[PDB]
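In: okay, here's the opening piece of the assembly, coordinates as they are in the complex:
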Amino acid sequence: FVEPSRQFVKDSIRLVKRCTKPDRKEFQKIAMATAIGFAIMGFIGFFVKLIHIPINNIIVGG
Amino acid sequence: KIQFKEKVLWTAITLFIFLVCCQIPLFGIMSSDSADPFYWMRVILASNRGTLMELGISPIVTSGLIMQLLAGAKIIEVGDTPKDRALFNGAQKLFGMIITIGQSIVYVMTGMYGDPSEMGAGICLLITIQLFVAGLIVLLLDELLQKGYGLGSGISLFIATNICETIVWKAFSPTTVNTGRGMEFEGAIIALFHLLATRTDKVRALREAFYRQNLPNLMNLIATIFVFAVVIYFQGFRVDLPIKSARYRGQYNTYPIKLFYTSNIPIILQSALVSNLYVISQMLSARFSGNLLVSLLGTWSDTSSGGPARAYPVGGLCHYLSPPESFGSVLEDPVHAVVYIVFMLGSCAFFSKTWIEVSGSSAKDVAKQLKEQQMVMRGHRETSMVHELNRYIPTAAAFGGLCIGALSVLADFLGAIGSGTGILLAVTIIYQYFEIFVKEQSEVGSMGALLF
């Protein structure tokens, strides 16, 4: 296990050194995209249930 | 015909089957056992699929466990047999697809055993056909996704959809709540702000320890936040080295690496698969075969039990590779915490290396593509143009996956979701698909392509 560990640390230092982070412009762009992605999926499964539920007994209408 | 419109339709049919699936697969009610087991098992399975019980989409990824394990074992012994084992990586994946229908199907049922099977009556009939149809349609489309039909987003996309969908349902269901806020919006008691707001406005802040009151709901939100900050940091990071690109002659494009990121997909996959393997085998051993001592048959067959929790075996390797059943609110066991981090990490790294071989990205595959467009021969080097990217592909791949499997175990500890599996694997997929969707599409944008 000694030989693999040295290689892993050596690779890691180079990779961190490489880039830094999502370089400000990127940081906003990816973060917003994830939020939109969550919302679109979230919206549509959620919408169907509104119609389905008050058929048996009216609780909010649909 | 080739045409982006045809590809989107093939995805749309698969997606439609998933939506269709959301009704059907369950058995719904009557009696029997089809309905879904415990903590890990659901994530793979995907969504709400017959209300509370999610039966449908489990087998495809289950076959993928078989793919990984053997390939890295890399059998040499017995002459005719190693060639079969090498071929197995693809050939087994089809055999595995047969095994999951054959043998996984009992495992899929067993956890929510409702009341005993063999109860009988004519009742079900349509249910007997619908399960049979489900086996026919999902298995046929799964074959078609591995060898010609898709678009961007096949198998991963159902997991991607599932997490967002799961969060709203857990948020908007019955459980313990005094009284609704008097606006139930589009269904029950939606986003957590409404749940907090019940009587008057506010009162979240009052509680014990500045957590207790609304802590199960709070814990779910923080889980997402912890992942949110770290996930973007490494997705942004890039490895350069394209150098001299474009044949020489001047006009050029920098080429982003696949590298560490391509190896990342097997580790995220690993956390899901590894947990599966121990539970199916643990279930098999008791059912198949009698049992002196618990330990004698196997470790992880050690103390097979219904235990304190859904997490069946209270001892053995499987126990360690499940949460302590408090999601890091007790970590002063030790033996459990130590094993969980280390065991997953070494298994993941092993699987990162098997992705290189003939199942994913290696330097040789890249090299031939580069010649066609003429990439500058990776600045020559002679025996180079192959040594450049080649030496740096195992080092990047092994490292690339390595971090994440530790981080996944720590994510449970920091403040897991209530399911404690289902959001966690799934979120990692949700980011991933956005990258696949548009960069592969080549139609330079990021805009529509839903049905275009």
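Out: Nice, I can see it. Residues are numbered from 1 along each chain as shown, chains lettered A, B, ... in the order given.
In: from what I can see residue B:137 touches residue B:16, true?
Out: No: assessed by C-beta atoms under 8 Å, residue B:137 is found out of contact with residue B:16, at 10.5 Å. Quick note: C-beta positions are derived from backbone N, CA and C, even for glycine.
In: which residues sit in contact with the residue in chain A positioned nearest to chain B?
Out: With C-beta to the nearest C-beta as the measure, residue A:22 is the residue of chain A nearest to chain B, at 3.1 Å. Shown in contact with residue A:22 (C-beta atoms under 8 Å, 6 or more residues apart in numbering or on different chains): A:30, B:232-233, B:235-236.
In: do that again at 10 Å, thanks
Out: Residues near residue A:22 by C-beta atoms under 10 Å, 6 or more residues apart in numbering or on different chains: A:28-31, B:232-238.
In: Residue A:55 too?
Out: residue A:62.
In: How about residue A:53?
Out: Applying C-beta under 10 Å, 6+ apart, the residues near residue A:53 are A:59-62, B:184, B:186-188.
In: most surrounded residue in those?
Out: For the contacts of residue A:53, the largest neighbour count, defined by other C-beta atoms under 10 Å in any protein chain shown, is 24 neighbours, found at residue B:187.
In: If we ignore the residues flanking it in sequence, what's nearest it?
Out: Using C-beta to C-beta, 6 or more residues apart in numbering or on different chains and skipping the chain neighbours, the partner closest in space to residue B:187 is residue A:49 (4.1 Å).
In: Ignoring the adjacent residues along the chain, who's closest to residue 50?
Out: Since you didn't name a chain, this refers to chain A. Once flanking residues are discounted, residue A:50 sits nearest to residue B:186: 4.1 Å by C-beta to C-beta, 6+ apart.
In: that answer is for a different chain, and I need it for chain B
Out: Closest to residue B:50 by C-beta to C-beta, 6+ apart is residue B:26, at 2.9 Å.
In: Over to residue B:14?
Out: Counting by C-beta to C-beta, 6+ apart, the residue nearest residue B:14 is residue B:141, at 5.7 Å.
In: what's next to the helix or strand where the one you found lies, contact-wise?
Out: Counting by DSSP states H and E, the element that carries residue B:141 is helix B:126-143. Applying C-beta under 10 Å, 6+ apart, the external contacts of helix B:126-143 come out as B:10, B:13-14, B:17-18, B:20-21, B:23-30, B:32, B:34, B:55-60, B:63, B:94, B:97-98, B:100-101, B:105, B:124, B:149-150, B:154-155.
In: could you also fit chain C onto it:
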Amino acid sequence: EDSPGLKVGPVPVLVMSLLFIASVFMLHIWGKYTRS
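Out: Take a look at chain C, now in place beside the chains above:
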């Protein structure tokens, strides 16, 4: 491969699935539908 020439020449593959949806109405309590 597959003995039929093309797997999804016609909408029919969907129609198998449709027969599958139809059943939900009595058997499965999606809608608050009857329990046997």
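In: try the contacts of residue A:53 again now we have chain C.
Out: A:59-62, B:184, B:186-188, C:31-32.
In: Mind putting those into JSON lines with secondary structure and distance to residue B:389?
Out: Converted to JSON lines, those look like this (DSSP: H, G, I helix; E, B strand; the rest coil; distance: C-beta to C-beta, whole Å):
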{"residue": "A:59", "secondary structure": "coil", "distance to residue B:389": "61"}
{"residue": "A:60", "secondary structure": "coil", "distance to residue B:389": "59"}
{"residue": "A:61", "secondary structure": "coil", "distance to residue B:389": "62"}
{"residue": "A:62", "secondary structure": "coil", "distance to residue B:389": "58"}
{"residue": "B:184", "secondary structure": "coil", "distance to residue B:389": "57"}
{"residue": "B:186", "secondary structure": "coil", "distance to residue B:389": "51"}
{"residue": "B:187", "secondary structure": "coil", "distance to residue B:389": "52"}
{"residue": "B:188", "secondary structure": "coil", "distance to residue B:389": "53"}
{"residue": "C:31", "secondary structure": "coil", "distance to residue B:389": "57"}
{"residue": "C:32", "secondary structure": "coil", "distance to residue B:389": "60"}
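In: Adding distance to residue A:12, write these out as CSV.
Out: Putting the contacts of residue A:53 into CSV (distance: C-beta to C-beta, whole Å) gives the following:
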residue, distance to residue A:12
A:59, 55
A:60, 54
A:61, 58
A:62, 54
B:184, 50
B:186, 47
B:187, 46
B:188, 46
C:31, 54
C:32, 56
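In: out of everything not next to it in sequence, what's closest to the residue in chain C that chain A sits nearest to?
Out: In chain C, the residue that lies nearest chain A is residue C:32 (4.2 Å; C-beta to the nearest C-beta). Of all residues not flanking residue C:32 in the chain, residue A:56 sits nearest, at 4.2 Å (C-beta to C-beta, 6+ apart).
In: ok, that neighbour - contacts?
Out: C:31-33.
In: top of the residues you listed by neighbour count?
Out: residue C:33 (14 neighbours).
In: surely it meets residue C:26?
Out: Yes: when contacts are counted by C-beta atoms under 10 Å, residue C:33 is listed as touching residue C:26 (6.4 Å).
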